[PDB]
Every structure is written in C-alpha cells, then in structure tokens.
Amino acid sequence: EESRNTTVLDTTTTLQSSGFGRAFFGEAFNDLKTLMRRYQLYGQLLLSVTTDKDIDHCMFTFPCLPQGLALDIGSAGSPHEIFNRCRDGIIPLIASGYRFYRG
Amino acid sequence: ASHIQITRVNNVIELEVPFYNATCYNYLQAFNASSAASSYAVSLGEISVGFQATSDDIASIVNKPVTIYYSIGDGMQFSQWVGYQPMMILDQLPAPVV
Amino acid sequence: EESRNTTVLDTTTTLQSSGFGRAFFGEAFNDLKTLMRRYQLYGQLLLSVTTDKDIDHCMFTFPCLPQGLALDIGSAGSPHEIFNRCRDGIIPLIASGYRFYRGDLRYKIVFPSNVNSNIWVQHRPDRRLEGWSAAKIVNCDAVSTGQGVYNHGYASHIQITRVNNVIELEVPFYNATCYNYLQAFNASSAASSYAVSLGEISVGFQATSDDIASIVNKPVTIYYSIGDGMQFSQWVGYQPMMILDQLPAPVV
Amino acid sequence: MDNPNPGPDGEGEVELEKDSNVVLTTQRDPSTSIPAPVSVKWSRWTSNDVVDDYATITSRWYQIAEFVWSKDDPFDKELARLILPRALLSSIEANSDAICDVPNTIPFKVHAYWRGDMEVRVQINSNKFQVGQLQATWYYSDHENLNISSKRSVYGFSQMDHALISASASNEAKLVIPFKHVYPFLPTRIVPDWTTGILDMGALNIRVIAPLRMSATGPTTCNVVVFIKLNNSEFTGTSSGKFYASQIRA
Amino acid sequence: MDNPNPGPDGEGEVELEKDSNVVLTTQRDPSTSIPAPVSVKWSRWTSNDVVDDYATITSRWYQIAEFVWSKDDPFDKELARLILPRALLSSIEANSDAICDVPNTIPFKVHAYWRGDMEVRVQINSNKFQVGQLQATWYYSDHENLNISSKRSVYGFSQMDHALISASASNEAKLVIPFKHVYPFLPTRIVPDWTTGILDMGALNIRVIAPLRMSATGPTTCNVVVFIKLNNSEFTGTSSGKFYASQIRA
Amino acid sequence: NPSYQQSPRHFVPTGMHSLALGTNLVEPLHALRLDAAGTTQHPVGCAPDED
Amino acid sequence: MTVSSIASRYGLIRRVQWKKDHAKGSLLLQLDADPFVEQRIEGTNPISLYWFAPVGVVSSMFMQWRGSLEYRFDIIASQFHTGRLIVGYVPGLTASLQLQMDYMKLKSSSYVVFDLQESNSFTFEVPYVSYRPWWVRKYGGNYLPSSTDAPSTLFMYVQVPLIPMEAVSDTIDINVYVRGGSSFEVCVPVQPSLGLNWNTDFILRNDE
C-alpha cells in the first residue's frame, strides 16, 4: 500500500516542532485551507466592445470554478506575462490534488 | 441573483458565490465532459457582468483592464485525494533573450 | 569596563525628576521604542515609465528594511533636499546603535492624487538583499524573470486610488534567522544576504500603457515605523556623526 | 588594613582559573566585560544529528595570539583584530600545522556545524613603571558592517562595553563572549548555502588607547598574550575531515 | 506455527542495531561469542590526566575490512587476521587518508593512551544455495606468542570460543571483545617505554572452515564485511597530533 | 473567515466637525502630540491663577 | 486538507536498477536531501515536465521548510537474492564536494547499512541538519537568484554486491519513495515554483 512503512531506520534525535512557524512567526500554516482563503488572480482582460451594446447587455461572462480558468498565456503578440511567467497559481495547484469539491 | 456596484462610489465589487448543484460534489480536475449531465457538474454556474453605459459613453471603457480575484470562501471542501500530474519548473522557464 | 564608575564626586543637590516631561508635557519620552513608532520618510521618487508596461508589471520595487534605504541625496541636477539637507532621520539614527533587530514594519505609502488608477502591492520575502548597494528603490523594466511582474503566492494588497490614494501596509517578520543585521550590510555569506531585509516590497499600477503616461513623474512618498513588535538587540556604539546645521549654505 | 609583609613567597594572593588540564593565573583582578546574557542551547531547533560538546578538550585554554606592544605605537592604534572562531584555527595554521594536531580544535575537522560561547583572557606583563592603556572590544559580525572601518577606532568601541588594560597595573582583561549571530550556527567548513566568511562571528579588537610612556631609559616595550576558552559549545553535522578545508589566511 | 505470508515488504523481521548516527541491520540472528567478562574502567589507577570517552563518535560503527570469499579458498584458509585497534587505523591509512578524517578515530590522533572494549560485527551476503562456513576468532596478544603460527589453524581456534558463519544461512557473526591486556592501557603512538607493536591487542582472524560449495553454475563467490563499534572506551594522555605517527602498514 | 453577509450601515458623510459648538462635546483631532492620551499639564508652580 | 496530511504520502520518485555486477563501492544514486527531488519526464517540449513527490509539490508553495524526510526503499527482489547497501547522509555538501564521494567517506557521516535477504524493503529517515532553523526553497518563481540549494545530500552505495542464484535474475529493480517525515513542516507561503501540465505553453518576449 502507498502509506505503509515496512521498517523505520531512525537516526534522528527528536527535533523540536515549530508548530508550523507558530513558534517563530506566530502563526500556523499546517491548515492548508486557511491558506486557500487568501485571494488569487483568477483572470484578466481588456474590455473590448463589439456591437453597440445596449444597457441590457452583459459586457462579458465566465464560468465560476475553483479549478481556475484554463490558463491564458495570452497571444504571442500580447502575452499575459503573469500566466506566461508566473504559471498557474496556488489554489489551482492544490486543486490538482483532488477529484471533487463542494462549497 | 445579481448585484450592482457604483463605480463612482467604488470600483471594486466583493462577491460571494453560493454552491448550487444537484450533485453530491463537482469535478475538480480539468473537465473533458462526457455525460451531458456531467456538464452541470463542474462550475458553480456562470457569472456575468455588464455596464449600464450607453454606446456613446461605452468607448471610454474600451481596452480598460479588469482584474478578477478569488478564494474559496470558507465553506469550500475538497474531497477525494488524487496524486499530482507532472509539474513544470518555473525558474527553469526561458529568458526573454536580448 | 565601560560602565564602571570608580568614584563619584557629587556636588549636586537632588534634582526633581521630570519623569521625562510627564511632569510638564504630560507624556513620558524615556521609552525610545514608542518614539520609534512615529512614522518617518523612507523614500521618495517620481514615477518613470520605461517599457510600455503590461498590467502585470510591478512599477517599482524596494527592499524593506528598518535600517533605512541607502541615503539618496539625489542627482546634483535634482537633489532630494530632504536627504541632501535633513540628513538621514531618526529611526535609522537609532538603528545605528544596534547590530540586530527582529520584528515588523509599518509603511503607509502615499500615491499621487491626480491618478485614479487602482494599485496593487506585492510582498516578496523570497528576495535576498545583496550588498548595501541596491538597498534602495528600483524601477523595474522589461520582464525577464518573474521579478518584474505581479506574482501569485506572495501576499499582496490593492488600494483603490479613486477611493483613496494612500495604502497602509504592515510587513510581517519572515526569516529563517534568529534576527537580522542592522548596520549597513556589505554581505559576505551567501546566506547572509537573506539575513537583512524583511523581504522585498513591490508596487504596480493596473494602468495600461495608453493611460500610464499620466502617471509619469508623479511623486510617491513612502513612510515607515517599526510596528510595535520590532526589537533591536545588541548594543553597538555610534559611528561618527555629521552635524547638520554645519552643512553649507546654497550660496548666492 | 595595610602592613605589607612580603615573604620569600612574595606577598600577594594569586587567583586560579582551572579548566581542563590547562590552568592559568594572574596576580591582578580581571577586568571583565560581558556583551550579552548567556545563550540558549538551540540544538533543539536544527539538528536531528548527534550533537555534542567536547568540554574535556574544547574547554582547554589555548594561545590564539600574542604580540609586543612598544611605546612607539600611536594613540588610536589597533594591535589586533581577531575574528575569533577563525583565528583559533587560523593561528594554528599560522603555526603551520594541522587543526587535528591541537586537541582543542579537532572536532572542527570533523563536525560541519558548531555553536557555543567563547571566553577570552588577555594577559599582559607590562612593567609597573610603564604607563599606557589598551581597550579590548568584541564586535559581532564585524565583517558584515561595511562602515565598520569608520567606527573601528577607540572612540567607537568605547561607547560599547569593553575591557581595559592599564600598562601600569598590568591588569588582565577577562572577556566573556556568549554566542550570538543571525543564524544559530556557524559552519566549520564550506556549506551549500554559504562559503565566504566561514566560521566568523565578528572580531575582538584591541585598539591602543594610551601609548606606553616611561622614562626614556625605561623598558621600551610590553607584551600581550591571549587565551581562549571555548565553553558551553555544541558540535554537529558529522563529516569527513577531508571535506574540511584550511581557514583563510587573514 | 508456520503459514508464511510473504508481502511486498518481504516477510521476515529485521533486527536493528543503532549506535550513534550509524545504524545497521541483519535479517539473521547474530552468532555472538564473548571471550571475557566486561572490563573494569581502570582509569582510577593510572591517570591524573583528564580522561574521557567520546561515545558520541567513538561508538559509531565503521568498516575496517571487507573481502571476497570465493569457493576457490581451501578448507583451512584464513581470509583475514585483523589486529584490531591497529587495523581500525590501518584501514583508514589504507584508504590513504588521515586518521583525523574519520570522526571515529580522531581522538587517537591526540590522546596518547587508550583503553576500552571493542565490538565486531561480521556481516555477509552468502547466497542461500551456497554452502560453506567461516569461523571467527579473537585472540589476545597474538603477536606475543611466537608459536602462534602453529596454532593459527581452524583446529586451533576451534578449541576456544568462536563465532560461526554458515554460507547457507548467511548468518551474521557478532563478536564482543572486552579489553584485556597485560598492561591496562594501549598507547596510540610511540611511547618512552615501548614503540613496537603499537596499539596491538592481538588479532581477530577468520580461518575458512568449509569452502564454498555449489552447483558449478552457481554464484561462485561470496562477500564479507566487518564493522567495529568501540564502546566503553577511555582516552587519556593529551598530546599534539604531531607526535602521532602513521600505523605500520601491515 | 465567515462571510459577513449582514447589511452595511448607511450614514451621511460630512466634511467637517462643528465649529460653533464648544461644550459637552468630545472633539476628535489629529494631535501632533506623540502620546495617544497625553495632555498639557500645569505644574503646581504654573497653576492657572485666573479662572 | 492539511499540509501534513499531504506530506505524509509517499510518491514514487526513483527507479534504480541494481545489477549483480555492481562493485561494492558502486554508487546507486545521490539525490539531494530536500523535498524538491526531481523526476524528469522525457517531455519533448522545450519545457520538460517533471514528476514530484507530493511533499515536494506542497513544499514548492513555501519559502521555508524544515524537519526530517523519509525514503521508503522497495527492493523488488526475490528472497533468494541477497545483498547489502549503505544509504548514508552527508550534511553540508557543496557541489564541488558533491563529488569526491565514495561510500567510505560517506561512512564518516551518518549512514545506514542494510541487508537484503528476507524482508526486501525498508525506510530510511533523512535527518534535518542545518545551521538554519528552517530552510529556503530550492527554486522560486521564475527568478533564478534566491534559489538556494539543498542543505545536504543523500547517497546510496552497494555495500555488498548482489549475489543472486543462477535461477534468478542478476538485475534487481529498486524503487525510492519520498515522503514528508513526521517532523516535517513548512511556513512562509510564496509563489509556487511550479506549474501544472495542463497548459505547458510559454511565450518568449523576443524583441525582434
């Protein structure tokens, strides 16, 4: 099985816990979910009118999903450097680890 | 459901999107679709935004940036574990080159 | 030893304590640290676009350190009189007395009013400071690394200039060190480079290049104070001073 | 209260100061100065590895340095700036023999990392009729401060705590130097994160204050010797000595 | 009582044997043999000097020796005669690097005299289908007995206690060797009263008994490795390592 | 991080505190005094002779 | 969801081949003692993809980390195969010193011998040993400076060459599973140094 551990071969003396930086930085980080609640860039665009839009018209739309939108490097002519460079981002990255979500 | 920010008051709305699906819980990896029903089973829905500006005024708004942010809103719950798909190292990314 | 006192030769009658002005001005001053929390100018600049910056781009960056940035008189053509004249300032001056510090920093940046544009601010602890040179504000240009742009994981905040043109930041202490160097930092150990600045703050407008022109040469003052949690450590004597009123007149 | 009665033995009482097999003494009372409160052990936070002091050998005093101090030396004159942990080794290397040769210093040949407080005694045999004075001053992380060259003067060090040595009393200057550094540990050798400034902590330094003064026919010079106990230490990061490399010559 | 259920893990239990940072293991039960009851400390009787074990480093296991054992080896065939305290150093010297390089062995570079019990493990990976056997036998002060050359045969050593290693079981042979010697202490270097036979205690030796036997197409050879813990030791007689000299090449 | 979904307060801004008022009325300010709660104090030798 | 909850999961990270003929001195691998162990895929893409142990991935989101790691070793072998091998750990190796290594110098530092016979798998536990209470991330956002390397390096040499029966194969597959140790932990959250394979696309900003 994945998590099985046949035989430990300890050499280590006990190491003091940091409590995930609680000991130093005064705050825990072990709870990934709280980290998840920090905001992340989700998308970016320049507004671009086409038709002489009536007031009724939505300017634009998007699906609202945790996974993150399909990544947009942008055009070769106009890269969105942050995705071109700062690939993806945290929340989707953790979303990678699970097959389901609710919330 | 909808809400209206007044840019003149402030130019940043702070939305909250409720979970509404007739599902136990939605898919989380990239979604190729399959079941027609499966299509409903991903996004919480579909947000949309519109200015109340008339076409005469709308021109000012052209090519204006619109950033968007998000975070999981406390109630969020991931479920089944899955191992990661292969990664791409970032500092390994190529330089723009002179 | 330094503090030894071989033999007192008192002449003085007891003098009444003022309690550091508590007796008069209604407030103590003996606690230097509270004085430390009054804000000080930390830097100053005129915004200067180079490349047609994308929205991603940080407008500029700087190391975030208590010691104060390396002093900027400014060019002979354009002196920043306040450093040219009002040399240094208090907080660095006290920083002169210690070899270490641990704690936080407040900043409260003031943007130019005329612009409306929304403004984001990254914090990047990851960056190591490198040499006392470039302990200063820097105008990022063409993107190469992720340094020049907005970044994901780093903590960040966005003021809306239209609402208000002055952000009020708080910078957490994050180092894998006991506590950082406090005097001017020549560097040595490669590790030592991480051991100074709390990290590296950076700021970028969301303005497109078409609009960005309005922002050119606009002033941006910055302030700071030690944020209560700050703690200086080891005593060190002062390096030699330069008297201010002794400074030369502009001369007609 | 007085009534001297010098004997064949001499007269005055002699303080002892035993450590390990080393033992050393002075007639005079030491002029101690302690820059900092005693350090916490800190192994807890950064070593699974076996960690051990070797007080049986590490605590022995040893002569890191010695020198003449002639009257010729001008007022504000350094005689020495000893980066300490380095100079303990640098001195032996100056004797042109391996670190392993000295019992005090062998573990460094092995262990990668180290921590621990230092002790420094600065003995002297200035003649009584000789007159002058030396201040001694530890200074943490001296190297890291580029402006130190400006500060590095008696007026500078005087502001912080410092030992004194009158030539007249031929007083000894004891000097506690508890460990403090940005990082809890000092590597004994090149390390993946840093190489440069290896095993530095900053430097002790001995600017002259009053130059020797005397009758012109008097004993022109003086001598000073420095020993260094290395007490509540801890070693870790076991490694081949082959990885170890000679200290920078300084 | 049986019912094997081999898993991905394998099946059998594995004994541990931690010391310091070193840790090593076997599937098989060790075939211990203990020549003598544990030694008294004896520092009491012959050292004013600071005396200390360095169990943090001295107790680490280390590979003094290793070798092939081919089937070609005739019945009564030694594979090794390890004078022990010497060979711990002689081996390192055989690696052509200084004694200081190995954490286990540094104090010898310094201390003149030494005492302390030894431990020797003799691991092996003989294949199960291979058949043969090796006896291991410590022998005190072997050098001092000139007639030893006669005795030095399996019939000889067999009479005294000795470890055994079947090729078949690939059994490990553990081996306590408590200190005993005419004098309580072994010098680490040349000494005013003697030089020759420095740091000897006699020798472990591994005469082959049964030569490997196998199907002719079977794995022709076998391998053996030897580690040596050095436990309840004591060091004394502090000295410059410069006085220390390289072990006889043997 | 619970969302605070409850309705926001609903005031009316004004640019300035009253001038004519000057009695039973705390009057908020940006003190240039260093202490948050400091106040001018009269030494017993400097006591206000005149009411 | 929890940092430890993820960190406590083995991922396959390596697949050593271990032939009979290997010398007793022969090395098998020397991967670094950091969470950010690599496993390159043969991506023909200019941006090659890489497998990571989950612990490395979760580590990538943090500037700093500390604590022990664990390497389960699975010597996929019949009981009849027998062998022995060191899996030592040298603290504080700079890359220049990354070489010069042998199992024997390795023995000078902490190490663990193991005897393949009956049980065919175990788990080494890598020590955390650094001057630094935490440890800076190996990589970072696309930004090469501020990418400090690992504190120390693992090694594994064939302490006793394999001695297979004629009726079984000379080669033996060995697999290495990284996992966060119980002591393991991170702290400061920063830009992950990694990207999903979902969109392995990139655009150079050549000015031409």
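Cut-offs and rules
- Along each chain, residues carry numbers from 1 upward in sequence order, and these need not match the entry's numbering; residues missing coordinates do not appear.
- Ligands are numbered from 1 and chains lettered from A, in the order in which they are written.
- Shown here is a subset of chains from a larger assembly, with all values computed for this subset only.
- Excluding hydrogens and water, the side-chain figures rest on all heavy atoms present in the structure.
- Helix and strand assignments follow DSSP, with helices taken as H or I runs no shorter than four residues and strands as E runs no shorter than two, numbered in order from the N terminus.
- Atoms counted for the radius of gyration: C-alpha only. Globule rule: 2.2 Å times residue count to the power 0.38.
- Contact between two residues is taken to exist if any of their heavy atoms lie within 4.5 Å; hydrogens are not considered.
- Counted charges follow a simple rule, with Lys and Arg positive, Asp and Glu negative, and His plus the chain ends left uncounted.
- To locate a charge, take atom NZ for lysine, CZ for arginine, CG for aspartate or CD for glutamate.
- In this analysis, strands are considered paired if DSSP registers two or more bridges between them.
- Overlaid copies: least-squares superposition on C-alpha atoms.
- Relative accessibility decides the category of a residue: with a 1.4 Å probe and only protein chains considered, values under 20% of the type maximum give buried, values over 50% give exposed, and everything between is partly exposed.
- Accessible surface is computed with a 1.4 Å probe, and the buried area is the amount of it that two parts give up when combined, taken over both parts together.
- Salt bridges are identified by distance alone: a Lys or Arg side-chain nitrogen within 4 Å of an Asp or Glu carboxyl oxygen.
- Side-chain atoms alone can form a polar contact between residues adjacent in sequence; in general such a contact is a pair of N or O atoms within 3.5 Å, and within protein one must be able to donate a hydrogen while the other accepts it.
- Only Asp, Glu, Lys and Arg are considered charged in this grouping, and only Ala, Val, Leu, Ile, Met, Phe, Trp, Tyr, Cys and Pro are considered nonpolar; every other residue, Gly among them, is considered polar.
- Pairing of aromatic rings covers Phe, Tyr and the six-membered ring of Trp, with a centre-to-centre limit of 6.5 Å; geometry is then stacked below 30 degrees between planes, edge-to-face above 60, and tilted otherwise.

If you check the header, you'll see the entry was determined by cryo-EM and the resolution is listed as 3.5 Å.

Chain G appears in the PDB entry as vp3 from Deformed wing virus. The title given to this entry in the Protein Data Bank is "Structure of deformed wing virus, a honeybee pathogen".

Labelled according to the PDB entry, chain D appears under the name vp2, originating from Deformed wing virus.

Draft legend 1. Spotlight on the overall build of chain G. A count of helical and extended segments in chain G gives 3 helices and 15 strands. Computed over its C-alpha atoms, the radius of gyration of chain G comes to 19 Å, within 12% of the 17 Å expected for a compact globule of 208 residues. Its C-alpha atoms give chain G principal-axis dimensions of roughly 60 × 40 × 40 Å. A sequence separation of at least 24 residues applies to 84% of the contacts in chain G between residues at least 6 apart. Chain G carries 17 positive and 19 negative side-chain charges, and their two centres are separated by 3 Å.

Draft legend 2. Main features of the sheet that holds strand β4 (residues 100–102) of chain A. Taken together, 3 strands build an open sheet; the order of strands is β1(B)-β4(A)-β4(B) and the sheet is antiparallel. Whereas interior strands pair on both sides, the edge strands pair on one side only; in this sheet they are β1 (26–27) and β4 (77–78) of chain B. Strand direction decides the pairing type here: β4 of chain A and β4 of chain B, joined by 2 bridges, are antiparallel. Bridging across to β4 of chain B, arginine 102 of chain A finds its partner in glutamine 77 of chain B.

Draft legend 3. Quick peek at the relation of the copies chain D and chain E. Rotating chain D by 180 degrees and translating it 0.0 Å along the rotation axis places it on chain E, where the RMSD comes to 0.0 Å. Taken together, the rotation angle and the small translation identify this as a two-fold axis. Relative to the rotation axis, the C-alpha of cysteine 100 of chain D is the closest in chain D, positioned 3.1 Å from it. Looking at the interface residues of chain D, 100% of them are also at the interface in chain E, so both copies use one shared face.

Draft legend 4. View of helix α2 (residues 84–94) of chain D. Counted residue by residue, α2 of chain D has 10 buried out of 11 residues, so it is predominantly covered. Of the residues making up α2 of chain D, those classed as buried are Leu84, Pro85, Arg86, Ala87, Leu88, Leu89, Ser90, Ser91, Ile92 and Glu93 of chain D.

Draft legend 5. How the structure looks around the interface of chain D and chain E. The partner chain E presents 20 residues to the 20 residues of chain D that form the contact. Here chain D and chain E share an interface that buries about 1700 Å² over both sides, 70% of which is from carbon and sulfur atoms. Where chain D meets chain E, there are 2 salt bridges. Its salt-bridge partner being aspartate 101 of chain E, residue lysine 242 of chain D comes within 3.8 Å of it at the nearest N-O pair. The tally of links from chain D across to chain E stands at 6 residue pairs in polar contact. Put simply, the parts of the chain that give the side of chain D that touches chain E at least two residues each are α1 (55–58) and α3 (106–110) of chain D.

Draft legend 6. Local environment of the arrangement of the chains. Among the 15 pairs of chains that make contact, the interface with the largest number of contacts is formed by chains A and B. Contact between chain B and chain E is absent, and the least distance between their C-alpha atoms amounts to 21 Å. In this view chain F stays clear of chain G, with the nearest C-alpha atoms of the two still 16 Å from each other.

Draft legend 7. Focus on the interface of chain A and chain B. The partner chain B presents 55 residues to the 44 residues of chain A that form the contact. For the pairing of chain A and chain B, the buried interface totals around 5000 Å² over both sides, and the portion due to carbon and sulfur atoms is 65%. Per-residue buried area on chain A facing chain B is highest for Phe100, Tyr101 and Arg102 of chain A; these three make up 15% of the total on that side. In this structure, the connection of chain A to chain B is made through 2 salt bridges. One salt bridge in this structure joins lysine 33 of chain A and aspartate 74 of chain B, with 3.9 Å as the shortest N-O distance. On inspection of chain A and its partner chain B, the count reaches 29 residue pairs in polar contact. Elements that contribute at least two residues to the side of chain A that touches chain B include exactly α1 (32–36), β2 (40–43), β3 (60–63), α3 (90–95) and β4 of chain A. Among the residues making up the side of chain A that touches chain B, the classes are represented as 24 nonpolar, 11 polar and 9 charged.

Draft legend 8. Looking closely at the environment of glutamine 130 of chain E. Inspection of the secondary structure assignment puts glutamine 130 of chain E in the loop between β4 (118–124) and β5 (133–140). Residue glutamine 130 of chain E is classed as buried on the basis of its relative accessible area of 0%. For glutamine 130 of chain E and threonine 220 of chain E, which are 90 residues apart along the polypeptide, the C-alpha to C-alpha distance reads 8.3 Å. When residues no more than four places from it in sequence are discounted, the contact partners of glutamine 130 of chain E are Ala167, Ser168, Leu212, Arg213, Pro219, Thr220, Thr221 and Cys222 of chain E together with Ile163 of chain G. In this structure the side chain of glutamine 130 of chain E is engaged in a polar contact, spanning 2.6 Å, whose partner is the backbone nitrogen of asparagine 127 of chain E. One polar contact links the side chain of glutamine 130 of chain E to the main-chain carbonyl oxygen of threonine 221 of chain E, over a distance of 2.5 Å.

Draft legend 9. Seen up close, the packing of aromatic side chains. In this structure the tally under the stated criterion is 62 aromatic pairs over all chains. Both rings, one in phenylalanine 108 of chain D and one in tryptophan 114 of chain D, keep their centres 6.2 Å apart while their planes meet at 50 degrees; by these two values the pair is tilted. Note on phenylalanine 108 of chain D: relative accessible area 5%, which makes it buried. Overall, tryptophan 114 of chain D belongs to the buried group, its relative accessible area being 1%. Cluster of aromatic residues (ring-pair linked, three or more members): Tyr54, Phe108, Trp114, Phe179 and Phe235 of chain D together with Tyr54, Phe108, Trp114, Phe179 and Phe235 of chain E.

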